[PDB]
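Below is one structure; the comments refer to it alone.
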Amino acid sequence: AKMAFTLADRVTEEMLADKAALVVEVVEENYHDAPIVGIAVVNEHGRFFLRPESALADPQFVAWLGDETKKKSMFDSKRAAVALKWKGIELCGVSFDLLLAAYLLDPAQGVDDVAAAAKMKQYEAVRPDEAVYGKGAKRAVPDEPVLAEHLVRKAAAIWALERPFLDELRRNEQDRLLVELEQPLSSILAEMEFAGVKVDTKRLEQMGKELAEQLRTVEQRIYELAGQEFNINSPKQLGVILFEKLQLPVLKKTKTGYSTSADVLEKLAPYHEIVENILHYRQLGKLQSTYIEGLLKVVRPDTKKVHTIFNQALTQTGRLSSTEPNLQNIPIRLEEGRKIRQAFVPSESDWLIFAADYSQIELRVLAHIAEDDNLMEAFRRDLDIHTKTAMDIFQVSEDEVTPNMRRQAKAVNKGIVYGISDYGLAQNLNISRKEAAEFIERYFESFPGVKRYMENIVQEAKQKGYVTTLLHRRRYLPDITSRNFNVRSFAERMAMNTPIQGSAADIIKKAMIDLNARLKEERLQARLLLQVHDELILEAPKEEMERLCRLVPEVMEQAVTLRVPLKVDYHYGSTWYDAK
DNA sequence: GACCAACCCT
DNA sequence: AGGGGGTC
């Protein structure tokens, strides 16, 4: 049903109204220095398609994109913004972003294109991107006539839906969450990704060579112990050597057949010398293949930086997500892996990396929302919460809390936050189910308000159909009413966990917005680089380091007021690794 | 190209 | 709790 639209040869004044639906199409998944293939505008005066080359050599048009008074509605404005930044062009005045609007309304829907959003409000006059571009190897930009129609249909759909979405957002009391939190956050994220993080490639390469040598050493040793040669990365091949040939005990079974997971092999270490070498092999293999080679692929040879993409509209809890590369899972737990962080360096000379992290934010949030007196009081005293929990479940004095008692108390705390069952805790603490249920029972005696909260929250999700966060983020949990025990059980755990994890997301988001405002007021050159759930990473001049030590934590700490204080720790140094 | 099993992070 | 090579 051909939609009417002008395929313009040049930009005209009536295309630059102070209110428009704009589509700036970037079909590359990774939008960094990626082409723009089409522009559509839809407004009071009609519907228009433009060609980038024309539209972007045009001062009038670029002035308009840049103009903050001229208000745009879009879908995934960060994608457009970053693609335009790589071309030296600024995008401002995005008053409404449908992708973020749909995301707040229902993360479960998985809305990843305009069509998905449109179905939510019964609008079907737009095609799914995957249908116009195909998928995988057949991904292709179409001919002008087909492209032109699709862009305009998305612009047109954005035009039609903004009011319907803002109405529902308002009804959920999520309108401020879109306009004050997520949409501003999108601009800060656009800057972060474009700035990117500088990498020392020679430092990486050297590490690759050392690993290479060590992998060969341990690999040969494995063959020698095995008494033959086999592919160690092959489950089928490794299982045979471990369980048929060396006759090691079959502790666990996979769908495929044999389980060679770490927690399994560690149990088998005593029987044979070959097990410890294999775990080590894999550990090394993992760093070489994922983190050295995978990183060296994505470094941009020109700028010497990696430029991640932060997904703002993906997780079910309101958290961010990072890809190409993921900088939110760089090794930190074992020193061998941790060293990788020495490869991440400031972008200018005489600058330093500055890391700031919240301390036990999830448990602090639980205390606040649960209103547990015993937990509130623990954090007001600034105690060690795991040592404290140990004391309370084991009924002992600080003097008597052994490292094992702590480790155990800690596991209980995570479990409460993830809302696990006696079985899950038993699996984690490697103890009997009865013992696990004794711990939990003890925990709830020590913290009755937390118990009260878990019961009440499951009941509220049952009554309302969703659970909310502090800043009115929302998550629907249909399965909570399901008659299957396992499906219902999982729903209840989400019921318990989401307001904790989700409210923590909200807090750090606000901190990021607040922090940005302060950095500008202060006219500081410091800049945000990464966010890893409970921490922010910046780079700034050595001269600016002392000020940031006061400023960054103050801003993060005052983001919200709760019944307990928030606590931030910081460090800085010449590399990410040294900011410890 | 799609799954599985494995291992990285908060 | 939430994410991010081998085989057929």
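Take the first sequence: its letter number 455 is residue 1604 in my numbering, and every next letter is one higher. Idealized CB from N, CA, C, for every residue including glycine.
Query raised in the report: How should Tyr-1440 be labelled, buried or exposed, when 16 other C-beta atoms within 10 angstroms of its C-beta is the threshold for buried?
Result: buried
Query raised in the report: Can you give the beta carbon distance from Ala-1306 to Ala-1267, rounded, assuming they're within the 8 angstroms contact cut?
Result: 5 angstroms
Query - One or two residues paired with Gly-1195 in a DSSP bridge - result: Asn-1192
Requested in this report: With distances taken Cα to Cα, identify the nearest neighbour of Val-1211 among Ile-1188, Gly-1598, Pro-1398 and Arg-1487.
Outcome: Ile-1188
Query raised in the report: For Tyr-1282 versus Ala-1232, is the C-beta spacing smaller than 8 angstroms?
Result: no
Report task. Less than 8 angstroms between the CB atoms is what I'm expecting for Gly-1434 and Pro-1474, so what's the real figure, rounded? Result -> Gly-1434 to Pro-1474, Cβ: 18 angstroms. No contact.
**Report entry** Start and end residues, alpha helix (DSSP H) containing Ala-1266
**Finding:** 1263-1269
Query - Cβ distance (whole Å) where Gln-1477 is taken to contact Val-1681 below 8 angstroms - result: 5 angstroms
Query raised in the report: Straight-line CA distance for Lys-1716 to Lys-1416?
Result: 39 angstroms
Query raised in the report: According to DSSP, what are the bridge partners of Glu-1684?
Result: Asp-1506
Query - Span of the beta strand (DSSP E) around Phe-1245 - result: 1243-1246
Requested in this report: Name the one or two DSSP bridge partners that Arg-1623 has.
Outcome: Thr-1617
Query raised in the report: From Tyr-1572 to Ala-1539, what distance separates their C-alpha atoms?
Result: 20 angstroms
**Report entry** N-terminal and C-terminal residue of the alpha helix (DSSP H) that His-1720 is part of
**Finding:** Not the alpha helix (DSSP H): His-1720 falls in the beta strand (DSSP E), residues 1717-1722.
Requested in this report: Could you spell out where the alpha helix (DSSP H) holding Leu-1374 opens and where it closes?
Outcome: 1350-1375
**Report entry** Own chain residues within Cβ distance below 7 angstroms of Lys-1611, not counting five before or after
**Finding:** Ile-1629 and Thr-1630
Report task. Keeping to the same chain, check which residues put their C-beta closer than 7 angstroms to that of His-1421; ignore five residues upstream and five downstream. Result -> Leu-1395 and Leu-1397
Report task. May I ask you to report which of helix, strand or coil DSSP gives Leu-1501? Result -> strand
**Report entry** Outcome for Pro-1495 when other beta-carbon atoms lying within 10 angstroms are tallied against a minimum of 16
**Finding:** buried
**Report entry** Close Cβ partners of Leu-1199 (< 8 angstroms) along its chain, the five nearest in sequence each way excluded
**Finding:** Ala-1157, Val-1160, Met-1164, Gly-1187, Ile-1188, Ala-1189, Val-1190 and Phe-1210
Query raised in the report: For residue 1732, which of helix, strand or coil comes out of DSSP?
Result: Absent from the model: residue 1732. The displayed extent of the chain is 1150 to 1729, so no value can be given.
Requested in this report: Give a yes or no on whether the C-beta atoms belonging to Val-1701 and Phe-1459 are separated by under 8 angstroms.
Outcome: no
Query raised in the report: Where are the alpha helix (DSSP H) runs, 4 residues long or more, that stay fully inside the segment 1559-1611, in chain order?
Result: 1571-1578 and 1582-1595
Query raised in the report: With 16 other CB atoms within 10 Å as the buried threshold, where does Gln-1461 fall?
Result: buried
Requested in this report: Could you please give me the residues that DSSP links to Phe-1379 through a beta bridge?
Outcome: Per DSSP, none; premise fails for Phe-1379.
Query raised in the report: Less than 8 angstroms separating the beta-carbons of residue 1144 and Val-1447?
Result: Outside the modelled stretch of the chain, which goes from 1150 to 1729, sits residue 1144, for which no answer is possible.
Report task. Whole angstroms is fine: what's the gap from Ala-1297's alpha carbon to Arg-1228's? Result -> 19 angstroms
Query - Residue from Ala-1653, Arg-1352, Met-1223 and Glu-1359 whose Cα sits closest to the Cα of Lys-1303 - result: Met-1223
Query raised in the report: Where does the unbroken beta strand (DSSP E) through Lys-1168 begin, and where does it stop?
Result: 1168-1174
Query raised in the report: Between the segment 1654-1662 and the segment 1704-1713, do three or more beta carbon pairs fall short of 8 angstroms?
Result: yes
Requested in this report: Rank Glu-1178, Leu-1330, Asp-1216 and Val-1175 by C-alpha distance to the C-alpha of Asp-1167 and give the top, closest one.
Outcome: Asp-1216
Query raised in the report: Cβ atoms of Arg-1624 and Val-1616: under 8 angstroms apart, would you say?
Result: yes
Query raised in the report: For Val-1275, does the count of other Cβ atoms within 10 angstroms reach 16, so buried, or fall short, so exposed?
Result: buried
Query - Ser-1335, enclosing alpha helix (DSSP H) - first and last residue - result: 1332-1344
Query raised in the report: In whole angstroms, what is the alpha-carbon distance linking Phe-1154 and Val-1301?
Result: 8 angstroms
Report task. Note down, in chain order, each residue of its chain lying with its Cβ closer than 7 angstroms to the Cβ of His-1535, except the 5 sequence neighbours on either side. Result -> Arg-1555, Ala-1558, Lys-1559 and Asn-1562
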